[PDB]
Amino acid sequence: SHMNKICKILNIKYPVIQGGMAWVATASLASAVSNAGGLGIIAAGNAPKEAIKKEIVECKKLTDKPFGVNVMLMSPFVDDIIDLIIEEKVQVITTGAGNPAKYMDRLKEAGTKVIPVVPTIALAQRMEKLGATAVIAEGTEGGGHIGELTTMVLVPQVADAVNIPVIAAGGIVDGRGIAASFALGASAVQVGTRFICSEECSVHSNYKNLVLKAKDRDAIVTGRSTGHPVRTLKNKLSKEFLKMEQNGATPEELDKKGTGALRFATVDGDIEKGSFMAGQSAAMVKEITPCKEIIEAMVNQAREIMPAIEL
């Protein structure tokens, strides 16, 4: 009674999930978040089965606490990643960038808890009917491939539509966003951009530093002309990509410009060729900090702001 539902179901100390973040989120980050009492997440991204297997194996060496894997449903290896989840006995997965409906029964029967990101009420309701453990309502202010609705309106609508716990994502960097999210009906938060600037995140230092330097309007959106808006920091790449879209460049021309761009950011920190994906939250990130300090300060500040909060 009076216990946080996400903490109880996932067996974690704090209802803070570090979001799966393609290329960004590796065993160093996931294990640090789980060791700090939240839920670390290894991102499958577009990587093949054998690469994510190594991350899972390495993560289990670094933490005894629960962690998850994010299945990014647009991946060409999505079927292999789902196999890997079940083979490796991963306790929990999140999903993004699509509808995981066709895997829910295999995952549910295998005991895996499934937490899909949902950008609409209809998908939230469908996920609850197919047996989702929880859903993540990610607002458009988040980094990466975004939906249309903001966190402020999406979280309460999803909470009104389903009875399973709702996890707020998009724009949360500190205890203020946690308290706001819980007031809107969430039982936990998922945090991406802030954890790029954790010490244990393995991205190139230039990526962390560009997030630190980000100003209020620096997290721009490319790909609106098409069907998949992507939020990323202003730099030479993203500005020229946006101009190419606006000047009617072909789907092929755009493909070559953007191919490998996120990896150029995370591996090489290449400030001219990288796509430094980040939410509008990037403007509020001010320090590189160990995950333990981030999470403990997050929950303490949420309590101070909203003493009634059910953490």
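The numbering used is simple: start at 1 and walk along the sequence shown.
> Mean C-alpha B-factor higher for 102-110, or for 210-218?
Replying inline: Stretch with the greater average CA B-factor: 102-110.
> Would 60-68 or 277-285 have the larger average of its C-alpha temperature factors, as given in the entry?
Replying inline: Looking at the recorded C-alpha B-factors, 60-68 comes out higher on average.
>> Per the entry's Cα B factor values, which of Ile167, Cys197, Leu233, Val90 stands out as the maximum?
In response: Max CA B-factor in the entry, restricted to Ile167, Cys197, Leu233, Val90: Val90.
>> I'd like to know which of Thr26, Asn35, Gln246, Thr266 has the highest C-alpha temperature factor in the PDB entry.
In response: That would be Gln246.
> When the modelled residues of the chain are sorted by Cα temperature factor, does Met21 land in the lowest, middle or highest third?
Replying inline: CA B-factor rank for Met21: lowest third.
>> How does the C-alpha B factor of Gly227 compare with the rest of the chain: lowest, middle or highest third?
In response: Highest third - that is where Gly227 ends up once the chain's C-alpha B-factors are sorted.
> Ranked by Cα temperature factor within the chain, is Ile82 in the lowest third, the middle third or the highest third?
Replying inline: Highest third.
>> Test of reading the entry: by CA B factor among the chain's modelled residues, which third contains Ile295?
In response: It falls in the bottom third of the chain.
>> Sorting by Cα B-factor within the chain, modelled residues only, which third would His145 end up in: lowest, middle or highest?
In response: Middle third - that is where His145 ends up once the chain's C-alpha B-factors are sorted.
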